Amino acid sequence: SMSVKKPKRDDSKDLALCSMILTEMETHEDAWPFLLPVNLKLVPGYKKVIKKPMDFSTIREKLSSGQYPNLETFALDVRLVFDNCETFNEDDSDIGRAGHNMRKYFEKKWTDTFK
């Protein structure tokens, strides 16, 4: 509260660390469904069903232009990529399986890096 400060993380390396994690995500062989925005003009249903589209290129742009206030807003956007994938794609599908794999991959990097 006012004039009662909680000891806080050293957050000085967060930007570099998130960039490294995102690079690992981008270079994963199962990243292909998530590198670019879903084409709203060519994919039926997507625009109406997925209220907040997100993809790695968009995350990279936001990270590079100071659009994440902190760690957690970055992780929210990454998780949004996989939440959208799960909403739109059957678990059994190639894209569906890619999403589950990439989510697991991310969360391990996340824990190992910040926890």
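So that the term is clear: the rigid core is the largest set of C-alpha atoms that superpose within 1.5 Å between two forms. Start at 1 with the first residue shown and count on from there.
Note on 98-106 and 5-13: with rigid core alignment, C-alpha atoms in 9 other deposited structures of this protein sit farther from this form for 5-13. Per-stretch averaging of Cα B factors for 95-103 and 7-15 places 7-15 on top. A summary of the deposited B-factors shows that, of 49-57 and 86-94, the stretch with the larger mean C-alpha value is 86-94.
Within the selection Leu76, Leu35, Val43, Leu63, the deposited Cα B-factor values reach their highest point at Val43.
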